[PDB]
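Trainee: Next up, data-v2.pdb (PDB, C-alpha atoms (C1' of nucleotides) and all ligand atoms).
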```
ATOM      1  CA  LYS A  20      28.293  16.945 -35.449  1.00  0.00           C
ATOM      2  CA  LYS A  21      30.833  14.583 -37.248  1.00  0.00           C
ATOM      3  CA  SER A  22      31.105  10.723 -36.992  1.00  0.00           C
ATOM      4  CA  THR A  23      31.178   9.103 -33.473  1.00  0.00           C
ATOM      5  CA  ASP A  24      32.906   5.665 -33.758  1.00  0.00           C
ATOM      6  CA  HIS A  25      33.000   2.297 -31.910  1.00  0.00           C
ATOM      7  CA  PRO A  26      35.927   1.564 -29.540  1.00  0.00           C
ATOM      8  CA  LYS A  27      36.472  -1.621 -27.298  1.00  0.00           C
ATOM      9  CA  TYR A  28      39.719  -1.981 -25.173  1.00  0.00           C
ATOM     10  CA  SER A  29      39.600   1.842 -25.527  1.00  0.00           C
ATOM     11  CA  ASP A  30      36.408   1.722 -23.297  1.00  0.00           C
ATOM     12  CA  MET A  31      38.215  -0.460 -20.687  1.00  0.00           C
ATOM     13  CA  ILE A  32      41.224   1.982 -20.561  1.00  0.00           C
ATOM     14  CA  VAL A  33      38.843   4.975 -19.931  1.00  0.00           C
ATOM     15  CA  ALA A  34      36.855   2.877 -17.358  1.00  0.00           C
ATOM     16  CA  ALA A  35      40.185   1.906 -15.635  1.00  0.00           C
ATOM     17  CA  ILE A  36      41.729   5.470 -16.014  1.00  0.00           C
ATOM     18  CA  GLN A  37      38.782   6.992 -14.005  1.00  0.00           C
ATOM     19  CA  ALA A  38      38.784   3.963 -11.563  1.00  0.00           C
ATOM     20  CA  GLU A  39      41.900   5.592  -9.904  1.00  0.00           C
ATOM     21  CA  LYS A  40      41.284   8.864  -7.882  1.00  0.00           C
ATOM     22  CA  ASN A  41      44.608  10.718  -8.643  1.00  0.00           C
ATOM     23  CA  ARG A  42      46.377  13.793 -10.180  1.00  0.00           C
ATOM     24  CA  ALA A  43      48.437  12.715 -13.290  1.00  0.00           C
ATOM     25  CA  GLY A  44      48.886   8.882 -12.905  1.00  0.00           C
ATOM     26  CA  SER A  45      48.084   5.756 -15.061  1.00  0.00           C
ATOM     27  CA  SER A  46      51.221   3.827 -16.315  1.00  0.00           C
ATOM     28  CA  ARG A  47      50.153   1.164 -18.899  1.00  0.00           C
ATOM     29  CA  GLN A  48      51.426  -1.663 -16.535  1.00  0.00           C
ATOM     30  CA  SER A  49      49.417  -0.353 -13.496  1.00  0.00           C
ATOM     31  CA  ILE A  50      46.286  -0.205 -15.782  1.00  0.00           C
ATOM     32  CA  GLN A  51      46.863  -3.756 -17.205  1.00  0.00           C
ATOM     33  CA  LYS A  52      47.434  -5.220 -13.658  1.00  0.00           C
ATOM     34  CA  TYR A  53      43.952  -3.913 -12.544  1.00  0.00           C
ATOM     35  CA  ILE A  54      42.048  -4.663 -15.797  1.00  0.00           C
ATOM     36  CA  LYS A  55      43.450  -8.230 -16.251  1.00  0.00           C
ATOM     37  CA  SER A  56      40.042  -9.128 -14.583  1.00  0.00           C
ATOM     38  CA  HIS A  57      39.050 -11.082 -17.623  1.00  0.00           C
ATOM     39  CA  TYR A  58      36.985 -11.787 -20.623  1.00  0.00           C
ATOM     40  CA  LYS A  59      40.155 -10.449 -22.345  1.00  0.00           C
ATOM     41  CA  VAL A  60      43.028 -12.047 -24.325  1.00  0.00           C
ATOM     42  CA  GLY A  61      45.624 -11.599 -21.502  1.00  0.00           C
ATOM     43  CA  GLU A  62      48.388 -13.013 -23.802  1.00  0.00           C
ATOM     44  CA  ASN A  63      47.886 -10.236 -26.451  1.00  0.00           C
ATOM     45  CA  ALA A  64      46.155  -7.585 -24.193  1.00  0.00           C
ATOM     46  CA  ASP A  65      49.058  -5.104 -23.647  1.00  0.00           C
ATOM     47  CA  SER A  66      49.740  -4.355 -27.404  1.00  0.00           C
ATOM     48  CA  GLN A  67      45.994  -3.614 -27.968  1.00  0.00           C
ATOM     49  CA  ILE A  68      45.858  -1.404 -24.799  1.00  0.00           C
ATOM     50  CA  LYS A  69      49.159   0.258 -25.850  1.00  0.00           C
ATOM     51  CA  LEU A  70      47.790   0.622 -29.468  1.00  0.00           C
ATOM     52  CA  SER A  71      44.490   1.983 -27.954  1.00  0.00           C
ATOM     53  CA  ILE A  72      46.048   4.859 -25.942  1.00  0.00           C
ATOM     54  CA  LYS A  73      48.060   6.600 -28.731  1.00  0.00           C
ATOM     55  CA  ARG A  74      44.764   7.421 -30.524  1.00  0.00           C
ATOM     56  CA  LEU A  75      43.083   8.561 -27.229  1.00  0.00           C
ATOM     57  CA  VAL A  76      46.160  10.825 -26.764  1.00  0.00           C
ATOM     58  CA  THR A  77      45.952  12.040 -30.454  1.00  0.00           C
ATOM     59  CA  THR A  78      42.269  13.086 -29.876  1.00  0.00           C
ATOM     60  CA  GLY A  79      43.615  14.681 -26.641  1.00  0.00           C
ATOM     61  CA  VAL A  80      40.424  13.648 -24.760  1.00  0.00           C
ATOM     62  CA  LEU A  81      42.964  11.674 -22.612  1.00  0.00           C
ATOM     63  CA  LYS A  82      45.887  13.896 -21.458  1.00  0.00           C
ATOM     64  CA  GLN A  83      49.444  12.865 -20.318  1.00  0.00           C
ATOM     65  CA  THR A  84      52.820  14.392 -19.127  1.00  0.00           C
ATOM     66  CA  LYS A  85      56.280  14.207 -20.855  1.00  0.00           C
ATOM     67  CA  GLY A  86      57.382  10.764 -22.065  1.00  0.00           C
ATOM     68  CA  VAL A  87      56.281   7.727 -24.121  1.00  0.00           C
ATOM     69  CA  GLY A  88      57.209   4.335 -22.535  1.00  0.00           C
ATOM     70  CA  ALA A  89      59.129   6.006 -19.663  1.00  0.00           C
ATOM     71  CA  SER A  90      56.383   8.389 -18.354  1.00  0.00           C
ATOM     72  CA  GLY A  91      53.332   6.028 -18.311  1.00  0.00           C
ATOM     73  CA  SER A  92      51.139   8.910 -16.923  1.00  0.00           C
ATOM     74  CA  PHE A  93      47.693  10.188 -18.174  1.00  0.00           C
ATOM     75  CA  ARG A  94      43.994  10.867 -17.312  1.00  0.00           C
ATOM     76  CA  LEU A  95      40.611  11.845 -18.862  1.00  0.00           C
ATOM     77  CA  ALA A  96      40.334  15.639 -19.222  1.00  0.00           C
ATOM     78  CA  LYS A  97      38.896  18.076 -21.777  1.00  0.00           C
ATOM     79  CA  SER A  98      35.366  19.012 -20.510  1.00  0.00           C
ATOM     80  CA  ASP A  99      32.799  16.188 -21.042  1.00  0.00           C
ATOM     81  CA  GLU A 100      29.706  15.477 -18.850  1.00  0.00           C
ATOM     82  CA  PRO A 101      25.984  15.687 -19.872  1.00  0.00           C
ATOM     83  CA  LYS A 102      25.460  19.424 -20.771  1.00  0.00           C
ATOM     84  CA  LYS A 103      23.832  21.631 -23.496  1.00  0.00           C
TER      85      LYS A 103
ATOM     86  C1'  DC B   1      46.586  -8.935  -2.870  1.00  0.00           C
ATOM     87  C1'  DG B   2      48.841 -10.544  -7.703  1.00  0.00           C
ATOM     88  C1'  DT B   3      51.218 -13.980  -9.718  1.00  0.00           C
ATOM     89  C1'  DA B   4      55.343 -16.667  -9.887  1.00  0.00           C
ATOM     90  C1'  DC B   5      55.806 -20.972  -9.247  1.00  0.00           C
ATOM     91  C1'  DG B   6      54.457 -26.252  -9.149  1.00  0.00           C
ATOM     92  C1'  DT B   7      51.789 -29.983 -11.294  1.00  0.00           C
ATOM     93  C1'  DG B   8      50.512 -32.869 -15.039  1.00  0.00           C
ATOM     94  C1'  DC B   9      49.384 -33.567 -19.292  1.00  0.00           C
ATOM     95  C1'  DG B  10      51.028 -34.799 -24.712  1.00  0.00           C
ATOM     96  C1'  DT B  11      54.670 -33.894 -28.031  1.00  0.00           C
ATOM     97  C1'  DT B  12      59.448 -33.846 -29.248  1.00  0.00           C
ATOM     98  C1'  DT B  13      64.335 -34.676 -28.583  1.00  0.00           C
ATOM     99  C1'  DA B  14      68.741 -36.557 -28.120  1.00  0.00           C
ATOM    100  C1'  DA B  15      70.999 -39.253 -24.601  1.00  0.00           C
ATOM    101  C1'  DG B  16      72.220 -43.744 -24.055  1.00  0.00           C
ATOM    102  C1'  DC B  17      73.804 -48.046 -25.613  1.00  0.00           C
ATOM    103  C1'  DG B  18      76.392 -51.363 -28.279  1.00  0.00           C
ATOM    104  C1'  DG B  19      79.099 -51.821 -31.830  1.00  0.00           C
ATOM    105  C1'  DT B  20      82.912 -51.223 -35.483  1.00  0.00           C
ATOM    106  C1'  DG B  21      87.140 -48.910 -37.274  1.00  0.00           C
ATOM    107  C1'  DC B  22      91.050 -45.622 -37.114  1.00  0.00           C
ATOM    108  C1'  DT B  23      95.315 -43.621 -34.979  1.00  0.00           C
ATOM    109  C1'  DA B  24      96.930 -40.039 -31.829  1.00  0.00           C
ATOM    110  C1'  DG B  25      99.530 -40.113 -28.396  1.00  0.00           C
ATOM    111  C1'  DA B  26     100.548 -42.181 -23.732  1.00  0.00           C
ATOM    112  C1'  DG B  27     104.143 -44.433 -22.000  1.00  0.00           C
ATOM    113  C1'  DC B  28     107.806 -47.643 -22.026  1.00  0.00           C
ATOM    114  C1'  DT B  29     113.095 -48.993 -23.147  1.00  0.00           C
ATOM    115  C1'  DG B  30     118.124 -48.038 -23.716  1.00  0.00           C
ATOM    116  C1'  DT B  31     121.709 -44.698 -24.501  1.00  0.00           C
ATOM    117  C1'  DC B  32     124.569 -40.848 -23.437  1.00  0.00           C
ATOM    118  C1'  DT B  33     126.148 -36.684 -21.307  1.00  0.00           C
ATOM    119  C1'  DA B  34     124.925 -31.730 -19.413  1.00  0.00           C
ATOM    120  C1'  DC B  35     124.150 -30.548 -15.109  1.00  0.00           C
ATOM    121  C1'  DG B  36     123.873 -30.740 -10.117  1.00  0.00           C
ATOM    122  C1'  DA B  37     125.903 -32.694  -5.684  1.00  0.00           C
ATOM    123  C1'  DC B  38     129.842 -32.335  -3.039  1.00  0.00           C
ATOM    124  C1'  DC B  39     134.250 -30.709  -1.539  1.00  0.00           C
ATOM    125  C1'  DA B  40     137.635 -27.288   0.300  1.00  0.00           C
ATOM    126  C1'  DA B  41     139.581 -22.961   0.230  1.00  0.00           C
ATOM    127  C1'  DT B  42     138.495 -17.878  -0.037  1.00  0.00           C
ATOM    128  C1'  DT B  43     136.365 -13.482   1.314  1.00  0.00           C
ATOM    129  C1'  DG B  44     132.734 -10.216   1.340  1.00  0.00           C
ATOM    130  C1'  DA B  45     127.760  -9.666   2.171  1.00  0.00           C
ATOM    131  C1'  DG B  46     125.057  -9.328   5.964  1.00  0.00           C
ATOM    132  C1'  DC B  47     124.775 -10.201  10.856  1.00  0.00           C
ATOM    133  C1'  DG B  48     124.525  -7.703  15.765  1.00  0.00           C
ATOM    134  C1'  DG B  49     125.776  -3.654  18.046  1.00  0.00           C
ATOM    135  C1'  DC B  50     125.251   0.943  18.968  1.00  0.00           C
ATOM    136  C1'  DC B  51     124.582   6.040  18.202  1.00  0.00           C
ATOM    137  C1'  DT B  52     121.387  10.222  16.251  1.00  0.00           C
ATOM    138  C1'  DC B  53     118.069  13.469  15.010  1.00  0.00           C
ATOM    139  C1'  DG B  54     113.728  13.946  12.384  1.00  0.00           C
ATOM    140  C1'  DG B  55     109.224  11.874  11.817  1.00  0.00           C
ATOM    141  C1'  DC B  56     105.405  11.446  14.190  1.00  0.00           C
ATOM    142  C1'  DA B  57     102.322  11.073  18.360  1.00  0.00           C
ATOM    143  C1'  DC B  58      99.956  14.103  21.330  1.00  0.00           C
ATOM    144  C1'  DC B  59      98.090  18.756  22.534  1.00  0.00           C
ATOM    145  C1'  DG B  60      95.525  23.002  22.240  1.00  0.00           C
ATOM    146  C1'  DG B  61      92.993  26.312  19.682  1.00  0.00           C
ATOM    147  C1'  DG B  62      90.327  27.825  15.744  1.00  0.00           C
ATOM    148  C1'  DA B  63      87.676  26.628  11.508  1.00  0.00           C
ATOM    149  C1'  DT B  64      84.197  23.691   9.424  1.00  0.00           C
ATOM    150  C1'  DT B  65      80.967  20.314   8.956  1.00  0.00           C
ATOM    151  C1'  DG B  66      76.706  18.019  10.008  1.00  0.00           C
ATOM    152  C1'  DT B  67      72.767  16.992  13.065  1.00  0.00           C
ATOM    153  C1'  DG B  68      68.369  18.011  15.232  1.00  0.00           C
ATOM    154  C1'  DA B  69      64.926  20.573  17.203  1.00  0.00           C
ATOM    155  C1'  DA B  70      61.451  24.015  16.471  1.00  0.00           C
ATOM    156  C1'  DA B  71      58.548  26.852  13.580  1.00  0.00           C
ATOM    157  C1'  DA B  72      56.000  27.111   9.406  1.00  0.00           C
ATOM    158  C1'  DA B  73      55.022  25.846   4.779  1.00  0.00           C
ATOM    159  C1'  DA B  74      53.388  22.583   0.816  1.00  0.00           C
ATOM    160  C1'  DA B  75      51.044  18.593  -0.054  1.00  0.00           C
ATOM    161  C1'  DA B  76      48.879  14.468   0.472  1.00  0.00           C
ATOM    162  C1'  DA B  77      45.496  12.177   2.404  1.00  0.00           C
ATOM    163  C1'  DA B  78      41.321  11.665   5.133  1.00  0.00           C
ATOM    164  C1'  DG B  79      36.620  12.239   6.365  1.00  0.00           C
ATOM    165  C1'  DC B  80      32.454  14.536   4.604  1.00  0.00           C
ATOM    166  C1'  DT B  81      29.255  15.841   1.329  1.00  0.00           C
ATOM    167  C1'  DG B  82      24.997  15.783  -2.040  1.00  0.00           C
ATOM    168  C1'  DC B  83      23.678  14.275  -6.556  1.00  0.00           C
ATOM    169  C1'  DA B  84      22.741  11.304 -10.548  1.00  0.00           C
TER     170       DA B  84
HETATM  171 CA    CA C   1      53.848 -10.371  -6.306  1.00  0.00          CA
HETATM  172 CA    CA C   2     106.251 -39.532 -27.589  1.00  0.00          CA
HETATM  173 CA    CA C   3     120.904  -2.705  12.162  1.00  0.00          CA
END
```
Just give me the structure of the file as structure tokens.
Ligand SMILES: [Ca+2]
Ligand SMILES: [Ca+2]
Ligand SMILES: [Ca+2]
Mentor:
Amino acid sequence: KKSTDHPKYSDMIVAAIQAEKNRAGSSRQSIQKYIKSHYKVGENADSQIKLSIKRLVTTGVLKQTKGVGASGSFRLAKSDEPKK
DNA sequence: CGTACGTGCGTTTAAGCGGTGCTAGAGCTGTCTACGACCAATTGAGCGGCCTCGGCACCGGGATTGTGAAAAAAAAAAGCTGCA
């Protein structure tokens, strides 16, 4: 149930998080360097991507390991695929 | 392969120039004497000589440190799958 909401740069983080085959790795600057393939505002992109993550983390759908700016490490987790 | 650099635009900035006006201070002049050259006589600090004995160079033996191979683990990465 509940309210599903619209994200944008959010999408492009989760696209780019899965578009690396790894165990616990995705530092904001690695992500940005891939995803700077553009329609995007490259000048203001990092803040919005940085802003974007915190909320993904707070939902816990995206999962990370010990830090904040220092760690730069997370991936998609929980358990979501098409299912009953 | 990702981007830090070079290129070339238009916009902005202050260097450059020529000039005027003020005075700090560079430098020049003459005077006067404190201070350094020079001298000779005086004597002790430091030279060469020479003698010694203890630090230090060299050795052997025992302790310790670090390297490297070999065996075996932990992991990372590769090649291999069907699905969706
Ligand atoms: Ca580079
Ligand atoms: Ca003067
Ligand atoms: Ca001597």
Trainee: Pick out the chain B residues within 12 Å of chain A. Count all atoms listed in the file. Give them as a PDB file with C-alpha atoms (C1' of nucleotides), keeping the file's coordinate frame.
Mentor:
```pdb
ATOM      1  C1'  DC B   1      46.586  -8.935  -2.870  1.00  0.00           C
ATOM      2  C1'  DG B   2      48.841 -10.544  -7.703  1.00  0.00           C
ATOM      3  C1'  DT B   3      51.218 -13.980  -9.718  1.00  0.00           C
ATOM      4  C1'  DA B  76      48.879  14.468   0.472  1.00  0.00           C
ATOM      5  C1'  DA B  77      45.496  12.177   2.404  1.00  0.00           C
ATOM      6  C1'  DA B  84      22.741  11.304 -10.548  1.00  0.00           C
TER       7       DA B  84
END
```
Trainee: Please identify every polymer residue within 9 Å of ligand CA 3 (chain C), using all atoms listed in the file, and present the set as an NGL selection string.
Mentor: :B and (47-50)
Trainee: Identify all residues satisfying the PyMOL selection byres (((not hetatm)) within 8 of (chain C and resi 2)) in the given file; provide them as a ChimeraX atom specification.
Mentor: /B:25-27
Trainee: I'd like the neighbourhood of residue 94 (chain A) as a CSV table (one decimal) with C-alpha atoms, keeping the file's coordinate frame, where a residue qualifies if any of its atoms comes within 9 Å (using only C-alpha atoms (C1' of nucleotides)), though same-chain residues fewer than 2 positions away should be ignored.
Mentor:
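After the write, around26.csv holds the following:
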```csv
chain,number,residue,atom,x,y,z
A,33,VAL,CA,38.8,5.0,-19.9
A,36,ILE,CA,41.7,5.5,-16.0
A,37,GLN,CA,38.8,7.0,-14.0
A,41,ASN,CA,44.6,10.7,-8.6
A,42,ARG,CA,46.4,13.8,-10.2
A,43,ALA,CA,48.4,12.7,-13.3
A,44,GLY,CA,48.9,8.9,-12.9
A,45,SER,CA,48.1,5.8,-15.1
A,80,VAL,CA,40.4,13.6,-24.8
A,81,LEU,CA,43.0,11.7,-22.6
A,82,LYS,CA,45.9,13.9,-21.5
A,83,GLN,CA,49.4,12.9,-20.3
A,92,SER,CA,51.1,8.9,-16.9
A,96,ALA,CA,40.3,15.6,-19.2
```
Trainee: Please report the interatomic distance between CA of residue 95 (chain A) and CA of residue 73 (chain A) in Å with one decimal.
Mentor: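 CA of residue 95 (chain A) sits 13.4 Å away from CA of residue 73 (chain A).
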Trainee: To one decimal place, how far is CA of residue 26 (chain A) from CA of residue 78 (chain A) in Å?
Mentor: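 One can read the CA of residue 26 (chain A) to CA of residue 78 (chain A) distance as 13.2 Å.
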Trainee: If I wrap all listed atoms of region 43-49 of chain A in a box with edges along x, y and z and add 3 Å on each side, what are its centre and edge lengths in Å to one decimal, as AutoDock Vina command-line options?
Mentor:
```
--center_x 49.8 --center_y 5.5 --center_z -15.9 --size_x 9.3 --size_y 20.4 --size_z 12.0
```
Trainee: Interatomic distance between CA of residue 46 (chain A) and CA of residue 101 (chain A)?
Mentor: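 Between CA of residue 46 (chain A) and CA of residue 101 (chain A) the gap is 28.1 Å.
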Trainee: Restricting the calculation to all atoms listed in the file: of B:5, B:56, B:73, B:14, which residue gets closest to ligand CA 1 (chain C)?
Mentor: B:5
Trainee: Quick one: residues within 12 Å of residue 69 (chain A), all atoms listed in the file, excluding same-chain residues fewer than 6 positions away - as a VMD selection string?
Mentor: chain A and resid 28 to 29 32 46 to 48 50 to 51 63 75 to 76 87 to 88 91
